[PDB]
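One structure is given below, encoded as structure tokens.
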Amino acid sequence: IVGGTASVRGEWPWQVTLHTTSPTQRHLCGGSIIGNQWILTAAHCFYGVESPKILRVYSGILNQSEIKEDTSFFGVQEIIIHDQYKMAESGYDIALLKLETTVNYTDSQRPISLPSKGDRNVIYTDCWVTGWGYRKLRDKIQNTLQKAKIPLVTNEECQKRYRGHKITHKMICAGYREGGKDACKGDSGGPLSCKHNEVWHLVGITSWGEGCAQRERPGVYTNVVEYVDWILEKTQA
Ligand SMILES: C[C@@H]1CCC[C@H](n2cnc(-c3cc(Cl)ccc3-n3cc(Cl)nn3)cc2=O)c2cc(ccn2)-c2c(cnn2C(F)F)NC1=O
Ligand SMILES: *[C@@H]1O[C@H](CO)[C@@H](O)[C@H](O)[C@H]1NC(C)=O
């Protein structure tokens with residue numbers, strides 16, 4: 001997260017850090033708890049993932065340095081990638097992880113609500129992007145989970161910034177026109193979380209952008225409300 005600030009314990013209890021153990025263990029992507037055995041994340045995270053056996057989902061983590069040999073994690077039974085997905089910039093950048101066990105909810109690990117289908121066109125004004133990603137283009141994964149409040153940008157304005165890519169109704173853009181705050185490397189798959197009428201909703205999945213936090217180059221997020229039926233279908237199978 002460029003231009004973000006430190007989160008506190010229990011602030012973002014739906015945020016997870018998805019690690020791969022192969023060839024060596026490392027943070028791969030963010031994700032969000034959405035159900036009792038379900039993480040919602042980005043399809044592009046799995047480009048080099050040979051099998052679900054190498055994945056570990058860590059919930060209830062503030063600092064990456066908390067992740068040691070005996071730290072509790074959830075295994076992954078199945079990776080479900082949207083069957084129309086090809087590449088982040090062409091959309092459908094959405095995936096589910098079916099966990100090996102159910103998740104017992106606490107103040108440090110609990111699900112975020114999907115957006116209401118009735119709020120399909122709502123212009124949310126209390127939206128936050130979170131993650132352990134870079135603070136600038138050439139940086140490192142951060143220890144403490146960072147947050148940044150970022151405004152939504154209309155798809156019409158967003159499309160003007162990305163003449164080389166189709167910004168579809170299944171994408172949502174967010175960023176400051178004057179730049180300065182955005183997702184960056186290591187944040188993808190995590191949430192764009194918006195608080196509306198005292199309830200947090202998972203409005204976006206961090207997907208792609210051109211550079212990090214540049215002027216007039218908003219971040220592009222999977223528009224979760226446009227996939228509610230797909231999510232319900234896959235999570236009940
Ligand atoms: C396979 C996965 C995910 C691969 C894509 C991932 N990604 C790509 N675009 C964004 C992005 C999103 C928005 Cl909304 C706006 C601007 C973005 N933007 C533009 C540029 Cl330039 N940078 N960000 C975020 C992001 O996270 C990524 C992650 C790492 C390195 C490079 N890209 C990585 C890891 C592990 N460690 N690192 C470490 F190198 F950061 N994961 C992997 O490589
Ligand atoms: C959840 O809590 C119940 C009741 O304490 C316990 O029996 C069970 O093992 C826990 N399961 C997980 C996956 O944490």
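Naming works like this for the structure tokens: A, B, ... for the chains as they're shown, residue 1 at the start of each chain, ligands 1 onward in shown order.
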
Close residues, region 40-48 of chain A itself excluded, 8 Å, only C-alpha atoms, min 4 positions apart in chain, as a list in words: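 What passes the distance filter is residues 28, 29, 30, 31, 32, 33, 34, 81, 82, 85, 87, 88, 92, 93, 94, 95, 96, 97, 188, 189, 190, 191, 205, 206 and 207 of chain A.
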
May I have the selected residues written with N, CA and C atoms, as a PDB file, in the first residue's frame?
ATOM      1  N   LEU A  28       2.125 -14.467  -0.769  1.00  0.00           N
ATOM      2  CA  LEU A  28       1.790 -14.442  -2.181  1.00  0.00           C
ATOM      3  C   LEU A  28       0.758 -13.359  -2.504  1.00  0.00           C
ATOM      4  N   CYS A  29      -0.327 -13.300  -1.735  1.00  0.00           N
ATOM      5  CA  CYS A  29      -1.457 -12.420  -2.050  1.00  0.00           C
ATOM      6  C   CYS A  29      -2.252 -12.169  -0.794  1.00  0.00           C
ATOM      7  N   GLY A  30      -3.068 -11.129  -0.838  1.00  0.00           N
ATOM      8  CA  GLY A  30      -4.119 -10.986   0.139  1.00  0.00           C
ATOM      9  C   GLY A  30      -5.336 -11.830  -0.233  1.00  0.00           C
ATOM     10  N   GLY A  31      -6.312 -11.816   0.656  1.00  0.00           N
ATOM     11  CA  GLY A  31      -7.608 -12.437   0.436  1.00  0.00           C
ATOM     12  C   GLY A  31      -8.544 -12.006   1.542  1.00  0.00           C
ATOM     13  N   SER A  32      -9.821 -12.408   1.415  1.00  0.00           N
ATOM     14  CA  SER A  32     -10.842 -12.042   2.375  1.00  0.00           C
ATOM     15  C   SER A  32     -11.651 -13.263   2.780  1.00  0.00           C
ATOM     16  N   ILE A  33     -11.870 -13.406   4.095  1.00  0.00           N
ATOM     17  CA  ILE A  33     -12.804 -14.409   4.581  1.00  0.00           C
ATOM     18  C   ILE A  33     -14.213 -13.965   4.212  1.00  0.00           C
ATOM     19  N   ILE A  34     -14.958 -14.823   3.501  1.00  0.00           N
ATOM     20  CA  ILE A  34     -16.359 -14.520   3.158  1.00  0.00           C
ATOM     21  C   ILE A  34     -17.341 -15.546   3.684  1.00  0.00           C
ATOM     22  N   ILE A  81     -11.059 -21.051  -9.815  1.00  0.00           N
ATOM     23  CA  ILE A  81     -10.796 -19.872 -10.628  1.00  0.00           C
ATOM     24  C   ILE A  81     -11.946 -19.681 -11.585  1.00  0.00           C
ATOM     25  N   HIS A  82     -12.401 -18.436 -11.763  1.00  0.00           N
ATOM     26  CA  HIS A  82     -13.482 -18.160 -12.713  1.00  0.00           C
ATOM     27  C   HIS A  82     -13.112 -18.720 -14.108  1.00  0.00           C
ATOM     28  N   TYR A  85     -11.634 -16.354 -16.785  1.00  0.00           N
ATOM     29  CA  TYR A  85     -10.408 -15.641 -16.509  1.00  0.00           C
ATOM     30  C   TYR A  85      -9.279 -16.032 -17.459  1.00  0.00           C
ATOM     31  N   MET A  87      -6.433 -13.078 -17.851  1.00  0.00           N
ATOM     32  CA  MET A  87      -5.394 -12.179 -17.339  1.00  0.00           C
ATOM     33  C   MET A  87      -6.082 -11.063 -16.571  1.00  0.00           C
ATOM     34  N   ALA A  88      -5.404 -10.471 -15.588  1.00  0.00           N
ATOM     35  CA  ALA A  88      -6.056  -9.471 -14.737  1.00  0.00           C
ATOM     36  C   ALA A  88      -6.741  -8.350 -15.546  1.00  0.00           C
ATOM     37  N   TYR A  92     -12.629 -10.796 -14.956  1.00  0.00           N
ATOM     38  CA  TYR A  92     -12.926 -12.106 -14.373  1.00  0.00           C
ATOM     39  C   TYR A  92     -11.838 -12.510 -13.368  1.00  0.00           C
ATOM     40  N   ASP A  93     -11.199 -11.516 -12.723  1.00  0.00           N
ATOM     41  CA  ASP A  93     -10.067 -11.784 -11.854  1.00  0.00           C
ATOM     42  C   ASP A  93     -10.571 -12.081 -10.446  1.00  0.00           C
ATOM     43  N   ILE A  94     -11.060 -13.304 -10.291  1.00  0.00           N
ATOM     44  CA  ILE A  94     -11.731 -13.712  -9.074  1.00  0.00           C
ATOM     45  C   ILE A  94     -11.527 -15.208  -8.892  1.00  0.00           C
ATOM     46  N   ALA A  95     -11.291 -15.584  -7.636  1.00  0.00           N
ATOM     47  CA  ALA A  95     -11.053 -16.963  -7.269  1.00  0.00           C
ATOM     48  C   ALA A  95     -11.515 -17.187  -5.842  1.00  0.00           C
ATOM     49  N   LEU A  96     -11.917 -18.426  -5.578  1.00  0.00           N
ATOM     50  CA  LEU A  96     -12.242 -18.883  -4.244  1.00  0.00           C
ATOM     51  C   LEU A  96     -11.243 -19.929  -3.796  1.00  0.00           C
ATOM     52  N   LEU A  97     -10.910 -19.898  -2.500  1.00  0.00           N
ATOM     53  CA  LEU A  97     -10.194 -20.984  -1.865  1.00  0.00           C
ATOM     54  C   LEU A  97     -11.171 -21.652  -0.909  1.00  0.00           C
ATOM     55  N   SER A 188      -2.358  -7.489  -4.084  1.00  0.00           N
ATOM     56  CA  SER A 188      -3.422  -8.064  -4.879  1.00  0.00           C
ATOM     57  C   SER A 188      -4.062  -9.271  -4.236  1.00  0.00           C
ATOM     58  N   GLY A 189      -5.334  -9.452  -4.581  1.00  0.00           N
ATOM     59  CA  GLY A 189      -6.168 -10.469  -3.978  1.00  0.00           C
ATOM     60  C   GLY A 189      -6.880 -10.008  -2.715  1.00  0.00           C
ATOM     61  N   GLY A 190      -6.341  -8.987  -2.050  1.00  0.00           N
ATOM     62  CA  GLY A 190      -6.967  -8.467  -0.865  1.00  0.00           C
ATOM     63  C   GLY A 190      -8.192  -7.635  -1.192  1.00  0.00           C
ATOM     64  N   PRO A 191      -8.848  -7.174  -0.117  1.00  0.00           N
ATOM     65  CA  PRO A 191     -10.103  -6.450  -0.247  1.00  0.00           C
ATOM     66  C   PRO A 191      -9.943  -4.961  -0.510  1.00  0.00           C
ATOM     67  N   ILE A 205     -11.889  -6.519  -5.231  1.00  0.00           N
ATOM     68  CA  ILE A 205     -10.709  -7.350  -5.024  1.00  0.00           C
ATOM     69  C   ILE A 205      -9.563  -6.642  -5.749  1.00  0.00           C
ATOM     70  N   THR A 206      -8.483  -6.359  -5.045  1.00  0.00           N
ATOM     71  CA  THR A 206      -7.324  -5.678  -5.630  1.00  0.00           C
ATOM     72  C   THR A 206      -6.780  -6.483  -6.797  1.00  0.00           C
ATOM     73  N   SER A 207      -6.746  -5.863  -8.003  1.00  0.00           N
ATOM     74  CA  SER A 207      -6.461  -6.617  -9.222  1.00  0.00           C
ATOM     75  C   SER A 207      -5.257  -6.091 -10.002  1.00  0.00           C
TER      76      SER A 207
END

Residues within 10 Å of residue 176 (chain A), only C-alpha atoms, excluding chain neighbours under 3 positions, as a PDB file with C-alpha atoms, in the first residue's frame:
ATOM      1  CA  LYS A 149      -8.702   5.281   2.425  1.00  0.00           C
ATOM      2  CA  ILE A 150      -9.256   5.632  -1.328  1.00  0.00           C
ATOM      3  CA  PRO A 151     -12.189   7.131  -3.267  1.00  0.00           C
ATOM      4  CA  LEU A 152     -14.066   5.302  -5.967  1.00  0.00           C
ATOM      5  CA  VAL A 153     -13.629   6.713  -9.501  1.00  0.00           C
ATOM      6  CA  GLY A 179      -2.168  10.399  -6.867  1.00  0.00           C
ATOM      7  CA  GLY A 180      -0.454   9.274  -3.694  1.00  0.00           C
ATOM      8  CA  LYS A 181      -2.416   6.318  -2.229  1.00  0.00           C
ATOM      9  CA  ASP A 182      -3.012   2.940  -3.909  1.00  0.00           C
ATOM     10  CA  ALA A 213      -0.333   5.550  -6.914  1.00  0.00           C
ATOM     11  CA  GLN A 214       0.432   7.594 -10.013  1.00  0.00           C
ATOM     12  CA  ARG A 215      -1.608  10.663 -10.904  1.00  0.00           C
ATOM     13  CA  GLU A 216      -4.668   9.883 -13.005  1.00  0.00           C
ATOM     14  CA  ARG A 217      -3.996   6.094 -12.891  1.00  0.00           C
ATOM     15  CA  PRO A 218      -6.493   4.607 -10.489  1.00  0.00           C
ATOM     16  CA  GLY A 219      -6.201   1.080  -9.210  1.00  0.00           C
TER      17      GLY A 219
END

DSSP-assigned alpha helix (DSSP H) members of region 87-207 of chain A, reported as a compact mmCIF listing (two decimals) with N, CA, C and O atoms, in the first residue's frame:
# COMPACT_ATOMS: atom_id res chain seq x y z
N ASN A 155 -16.48 4.50 -13.66
CA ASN A 155 -15.93 3.70 -14.74
C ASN A 155 -15.65 4.57 -15.98
O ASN A 155 -14.67 4.35 -16.67
N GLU A 156 -16.47 5.60 -16.21
CA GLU A 156 -16.26 6.53 -17.32
C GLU A 156 -14.91 7.24 -17.18
O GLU A 156 -14.12 7.27 -18.14
N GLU A 157 -14.61 7.80 -16.00
CA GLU A 157 -13.32 8.48 -15.80
C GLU A 157 -12.19 7.46 -15.88
O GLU A 157 -11.16 7.72 -16.49
N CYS A 158 -12.37 6.31 -15.24
CA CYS A 158 -11.35 5.26 -15.25
C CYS A 158 -10.98 4.83 -16.67
O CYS A 158 -9.80 4.68 -16.99
N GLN A 159 -11.98 4.67 -17.52
CA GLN A 159 -11.74 4.27 -18.89
C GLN A 159 -10.88 5.30 -19.64
O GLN A 159 -10.05 4.92 -20.47
N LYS A 160 -11.06 6.60 -19.35
CA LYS A 160 -10.25 7.63 -19.98
C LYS A 160 -8.76 7.47 -19.63
O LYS A 160 -7.89 7.89 -20.40
N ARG A 161 -8.46 6.93 -18.45
CA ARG A 161 -7.08 6.75 -18.01
C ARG A 161 -6.41 5.53 -18.58
O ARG A 161 -5.19 5.42 -18.48

Atomic separation - CA of residue 100 (chain A) relative to CA of residue 221 (chain A), Å: 27.4 Å

May I ask which of the residues A:105, A:230, A:124, A:132 is the closest one to residue 18 (chain A), counting only C-alpha atoms?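 Between A:105, A:230, A:124, A:132, the residue approaching residue 18 (chain A) most closely is A:132.
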
Throw together the list of residues within 8 Å of ligand 2, counting only C-alpha atoms and all ligand atoms, and drop it here as a PDB file with N, CA, C and O atoms, in the first residue's frame.
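Result written to pocket-v5.pdb:
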ATOM      1  N   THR A 101     -10.794 -26.851   6.605  1.00  0.00           N
ATOM      2  CA  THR A 101     -11.667 -26.878   7.767  1.00  0.00           C
ATOM      3  C   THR A 101     -12.547 -25.654   7.730  1.00  0.00           C
ATOM      4  O   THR A 101     -12.280 -24.698   6.981  1.00  0.00           O
ATOM      5  N   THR A 102     -13.566 -25.647   8.598  1.00  0.00           N
ATOM      6  CA  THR A 102     -14.310 -24.446   8.845  1.00  0.00           C
ATOM      7  C   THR A 102     -13.456 -23.493   9.719  1.00  0.00           C
ATOM      8  O   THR A 102     -12.396 -23.858  10.228  1.00  0.00           O
ATOM      9  N   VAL A 103     -13.868 -22.240   9.761  1.00  0.00           N
ATOM     10  CA  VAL A 103     -13.226 -21.150  10.485  1.00  0.00           C
ATOM     11  C   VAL A 103     -14.107 -20.794  11.668  1.00  0.00           C
ATOM     12  O   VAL A 103     -15.280 -20.446  11.469  1.00  0.00           O
ATOM     13  N   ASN A 104     -13.560 -20.854  12.892  1.00  0.00           N
ATOM     14  CA  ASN A 104     -14.303 -20.398  14.058  1.00  0.00           C
ATOM     15  C   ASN A 104     -14.075 -18.900  14.145  1.00  0.00           C
ATOM     16  O   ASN A 104     -12.924 -18.435  14.225  1.00  0.00           O
TER      17      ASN A 104
END

Neighbour list for region 234-237 of chain A as an MDAnalysis selection string, cut-off 9 Å, only C-alpha atoms, skip fewer than 6 positions in-chain: chainID A and resid 35 37:38 80 96 98

Just-selected residues, N, CA, C and O atoms written as an mmCIF file, in the first residue's frame:
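This is the output file selection_39.cif:
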data_model
loop_
_atom_site.group_PDB
_atom_site.id
_atom_site.type_symbol
_atom_site.label_atom_id
_atom_site.label_comp_id
_atom_site.auth_asym_id
_atom_site.auth_seq_id
_atom_site.Cartn_x
_atom_site.Cartn_y
_atom_site.Cartn_z
ATOM 1 N N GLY A 35 -16.865 -16.641 4.243
ATOM 2 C CA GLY A 35 -17.727 -17.688 4.741
ATOM 3 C C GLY A 35 -16.947 -18.661 5.559
ATOM 4 O O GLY A 35 -15.722 -18.537 5.692
ATOM 5 N N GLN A 37 -15.810 -21.563 5.278
ATOM 6 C CA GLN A 37 -14.670 -22.307 4.748
ATOM 7 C C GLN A 37 -14.186 -21.661 3.450
ATOM 8 O O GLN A 37 -13.652 -22.337 2.583
ATOM 9 N N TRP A 38 -14.327 -20.336 3.329
ATOM 10 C CA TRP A 38 -14.163 -19.686 2.043
ATOM 11 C C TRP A 38 -13.392 -18.396 2.102
ATOM 12 O O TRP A 38 -13.747 -17.474 2.839
ATOM 13 N N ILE A 80 -10.628 -22.457 -6.853
ATOM 14 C CA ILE A 80 -11.684 -22.306 -7.846
ATOM 15 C C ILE A 80 -11.476 -20.982 -8.557
ATOM 16 O O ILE A 80 -11.675 -19.920 -7.974
ATOM 17 N N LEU A 96 -11.917 -18.426 -5.578
ATOM 18 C CA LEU A 96 -12.242 -18.883 -4.244
ATOM 19 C C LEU A 96 -11.243 -19.929 -3.796
ATOM 20 O O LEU A 96 -10.826 -20.784 -4.592
ATOM 21 N N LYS A 98 -11.375 -22.959 -1.102
ATOM 22 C CA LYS A 98 -12.161 -23.769 -0.184
ATOM 23 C C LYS A 98 -11.167 -24.301 0.836
ATOM 24 O O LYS A 98 -10.233 -25.002 0.473
#

Could you give me the residues within region 82-211 of chain A that DSSP places in strand (DSSP E or B), as a PyMOL selection string? chain A and resi 95-99+106+109+113+127-131+144+146-149+152-153+171-174+182+191-196+199-208

Within 9 Å of region 140-148 of chain A, counting only C-alpha atoms, which residues show up once you throw out same-chain ones fewer than 4 positions away? Write them as a compact mmCIF listing (two decimals) with C-alpha atoms, in the first residue's frame, please.
# COMPACT_ATOMS: atom_id res chain seq x y z
CA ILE A 1 0.00 0.00 0.00
CA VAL A 2 1.43 3.34 -1.10
CA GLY A 3 0.72 6.18 1.32
CA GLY A 4 -0.99 4.07 3.87
CA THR A 5 -0.71 3.73 7.60
CA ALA A 6 -0.43 0.91 10.09
CA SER A 7 -3.48 -1.10 11.02
CA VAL A 8 -4.14 -2.32 14.56
CA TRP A 12 -9.46 -5.89 9.44
CA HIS A 27 3.45 -14.19 1.25
CA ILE A 61 -2.36 -11.77 11.52
CA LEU A 62 -1.31 -8.20 11.92
CA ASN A 63 2.46 -8.63 11.43
CA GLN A 64 4.11 -11.01 8.99
CA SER A 65 6.76 -11.67 11.69
CA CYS A 127 -13.61 2.62 1.21
CA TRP A 128 -10.25 1.24 2.26
CA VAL A 129 -7.57 -0.84 0.56
CA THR A 130 -5.41 -3.02 2.84
CA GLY A 131 -2.39 -5.24 2.54
CA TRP A 132 1.23 -6.07 3.20
CA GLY A 133 2.41 -4.88 -0.23
CA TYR A 134 5.07 -2.45 -1.30
CA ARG A 135 5.00 1.26 -0.36
CA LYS A 136 6.63 2.19 -3.74
CA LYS A 181 -2.42 6.32 -2.23
CA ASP A 182 -3.01 2.94 -3.91
CA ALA A 183 -2.38 -0.74 -3.81
CA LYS A 185 3.01 -5.21 -5.35
CA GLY A 186 1.91 -7.80 -2.78

Write out as a list in words which residues come within 12 Å of residue 198 (chain A) when counting only C-alpha atoms, dropping same-chain ones fewer than 4 positions away. residues 113, 126 and 194 of chain A

Produce a file of the selected residues containing C-alpha atoms, as a tab-separated table (two decimals), in the first residue's frame.
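Once written, part26.tsv looks like this:
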chain	number	residue	atom	x	y	z
A	113	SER	CA	-20.40	-9.37	3.87
A	126	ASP	CA	-15.87	5.04	3.08
A	194	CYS	CA	-16.40	-0.14	2.12

May I ask which of the residues A:77, A:106, A:15, A:222 is the closest one to ligand 1, counting only C-alpha atoms and all ligand atoms? A:222

When distances are computed from only C-alpha atoms, which of A:122, A:112, A:167, A:220 shows the smallest separation from residue 202 (chain A)? A:112

Could you tell me how far atom 24 (C, counted along the ligand's line) of ligand 1 sits from CA of residue 174 (chain A), in Å to one decimal place? 13.1 Å

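With distances restricted to only C-alpha atoms, A:14 is the closest residue to residue 58 (chain A) from A:170, A:90, A:84, A:14.
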
Separation of CA of residue 69 (chain A) and CA of residue 52 (chain A), in Å? 19.1 Å

Residues at most 12 Å from residue 116 (chain A), counting only C-alpha atoms, excluding those fewer than 3 positions away in the same chain, as a ChimeraX atom specification? /A:112-113,119-122,194,196-197,199-203,224-229
